[PDB]
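Engineer: okay, here's the opening piece of the assembly, coordinates as they are in the complex:
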Amino acid sequence: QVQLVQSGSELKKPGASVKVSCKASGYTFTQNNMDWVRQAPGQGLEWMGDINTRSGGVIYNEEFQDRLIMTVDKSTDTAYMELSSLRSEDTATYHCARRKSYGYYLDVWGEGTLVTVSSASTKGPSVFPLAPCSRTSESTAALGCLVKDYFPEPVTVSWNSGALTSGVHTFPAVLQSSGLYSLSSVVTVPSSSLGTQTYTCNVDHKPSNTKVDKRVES
């Protein structure tokens, strides 16, 4: 399967630099050029540049040339983007995207890496269990995790190390006036399986290197 796997999201200070990776697999790396495209929140796509994976020569969007270095490691089929002298307006999701062989469209896109540029402190979330106190006999039951007070985005949530997927609903975060985010993830279960199996949410906040596993039901 053609895959383009990107490195994790990060918070950087203004003036610093970020280096994002894109590991390619499932095809011969030197058969396609690689491009980098970014998207600021709520905005459109902005092309940054394209690299020839055989020669390492690049074509840049002129606006980025002075502070963007695109390279490849042909020994690990990985493409890299290093953006320096970071500015607040560089906050965006950076995607690698494969260029069609002998063509000029982008046929496969990576999922993106969110880079936030800010002087604000990173803050890993506090995870609290969500359960009814005594809610009405019914075969449905809602259990959750409140991922509280984190910065920046993004956060990912899974349940029971990824085994639990059915009935899972992870909600988009609210941004509080304090500049911190919070989100919730809920699982709607069968009420009979409540005492039989444990339910644990797994929260990952890459910008702060925070990983939390929280037992909701035992």
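Structural biologist: Thanks, I have the structure now. Residues are numbered from 1 along each chain as shown, chains lettered A, B, ... in the order given.
Engineer: Okay, domains of chain A per the record?
Structural biologist: For chain A, curated CATH domains gives the domain ranges A:3-117, A:126-217.
Engineer: could those domains go into CSV alongside mean neighbour count?
Structural biologist: C-beta here means a position set from N, CA and C on the backbone, and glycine is covered the same way. As requested, the domains of chain A are exported to CSV (neighbours: other CB atoms under 10 Å):
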stretch, mean neighbour count
domain A:3-117, 17
domain A:126-217, 15
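Engineer: who touches stretch A:61-80?
Structural biologist: The contact list for stretch A:61-80 (CB atoms under 8 Å, 6 or more residues apart in numbering) reads A:19-25, A:29-30, A:34, A:36, A:46-49, A:51, A:53-54, A:56, A:58, A:60, A:81-85, A:96.
Engineer: Distance check, residue A:170 against residue A:164.
Structural biologist: When distance is defined by CB to CB, to the nearest Å, residue A:170 is 12 Å away from residue A:164.
Engineer: cool, and residue A:46?
Structural biologist: With distances defined as CB to CB, the gap from residue A:46 to residue A:164 amounts to 38 Å.
Engineer: For residue A:158, name its beta-bridge partners.
Structural biologist: Applying DSSP bridges to residue A:158 gives these bridge partners: residue A:202.
Engineer: do the same with residue A:184
Structural biologist: In this entry, residue A:184 is beta-bridged to residue A:146, by DSSP bridges.
Engineer: Wait, it touches residue A:142, no?
Structural biologist: No: checked against CB atoms under 8 Å, the pair residue A:184 and residue A:142 is beyond contact range at 10.5 Å.
Engineer: which residues do those two both contact?
Structural biologist: Residues within reach of residue A:184 and of residue A:142 at once, by CB under 8 Å, 6+ apart, are residue A:130.
Engineer: helix/strand/coil for residue A:47?
Structural biologist: Per DSSP: H, G, I helix; E, B strand; the rest coil, the secondary structure class of residue A:47 is strand.
Engineer: Correct me if wrong: it contacts residue A:39.
Structural biologist: No: no contact is recorded between residue A:47 and residue A:39 when judged using CB under 8 Å, the distance being 10.7 Å.
Engineer: onto the same structure, chain B please:
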Amino acid sequence: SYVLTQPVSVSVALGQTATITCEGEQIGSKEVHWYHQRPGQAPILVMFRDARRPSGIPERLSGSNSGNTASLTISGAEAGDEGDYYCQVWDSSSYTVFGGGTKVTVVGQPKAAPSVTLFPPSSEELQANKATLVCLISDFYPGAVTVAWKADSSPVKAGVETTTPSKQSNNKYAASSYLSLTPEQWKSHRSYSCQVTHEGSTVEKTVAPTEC
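Structural biologist: Putting chain B together with the chains above:
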């Protein structure tokens, strides 16, 4: 500096046809490619070289390009067609150029009533001298939803943070509302309620500190 111009937004109803334009000087002499970005996902290629579809794209999507206008037509519109569409060209001097995007909303869709869950503050949070009530609202359509909080029937006009509704992979919307209280405020009332109104129907969930 080659420029591509797209309309800001297009609405299309279920089963219907709509066209998104991509204007450029003499764009008919270039090859135009299109991408669809669904809410919270990465873009995907949906049309290349004006009118060719890549793997998995149904024939009800078509493309054309002539003169100064290229276009993408969505026919038989489905809920999954919602999202932002971008046109793109390669220019020998400007290199890769994208249009600004068109937001496509799929309308004429049927009503789905929301599922509402209200959670009280956890014991762990109360230990940390905080209390958040969490009201989760899922599987609704259309997006318009109003959320009101009450403390023993009286409206709460402090400590409420509600999320703007966002689309689920289900093509239905979700939203969250959070009420922040101190542990003393939480235990000072017999009940708290989250009231959600959707297309004229109101549903309510309640929590009681004495049940905790």
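Engineer: back to the contacts of stretch A:61-80, now that we've got chain B?
Structural biologist: A:19-25, A:29-30, A:34, A:36, A:46-49, A:51, A:53-54, A:56, A:58, A:60, A:81-85, A:96, B:95-96 (CB atoms under 8 Å, 6 or more residues apart in numbering or on different chains).
Engineer: Pull the contacting residues for residue B:123.
Structural biologist: Neighbouring residues of residue B:123 by CB under 8 Å, 6+ apart: residue B:212.
Engineer: For it, give its distance to residue A:198.
Structural biologist: Distance from residue B:123 to residue A:198, counting by CB to CB: 17 Å.
Engineer: Ok, residue A:75 next?
Structural biologist: In this view, residue A:75 and residue A:198 are 44 Å apart by CB to CB.
Engineer: Ok, residue B:106 next?
Structural biologist: From residue B:106 over to residue A:198 the distance is 40 Å, taken as CB to CB.
Engineer: what do you get for residue A:165?
Structural biologist: In this structure, residue A:165 and residue A:198 are 16 Å apart, going by CB to CB.
Engineer: likewise residue B:48?
Structural biologist: Spatial separation of residue B:48 from residue A:198 under the definition CB to CB is 49 Å.
Engineer: Check residue A:62 too.
Structural biologist: Shown here: residue A:62 relative to residue A:198, a distance of 56 Å by CB to CB.
Engineer: can I see the domain layout of chain B?
Structural biologist: When chain B is cut into domains by curated CATH domains, you get B:9-107, B:117-211.
Engineer: Same list (those domains) but as CSV, adding distance to residue A:6.
Structural biologist: Conversion of those to CSV gives the following (distance: least, CB to CB, whole Å):
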stretch, distance to residue A:6
domain B:9-107, 10
domain B:117-211, 21
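Engineer: which one of those lies closest to residue A:176?
Structural biologist: Closest of those to residue A:176 is domain B:117-211, at 6.0 Å (criterion: CB to CB).
Engineer: close enough to count as contact, residue A:3 and residue A:24?
Structural biologist: Yes: with contacts defined as CB under 8 Å, residue A:3 counts as touching residue A:24 at a distance of 7.3 Å.
Engineer: Leaving out chain neighbours, which residue sits closest to residue A:88?
Structural biologist: The spatial neighbour of residue A:88 that comes closest, neighbours along the chain excluded (CB to CB, 6 or more residues apart in numbering or on different chains), is residue A:117 at 5.5 Å.
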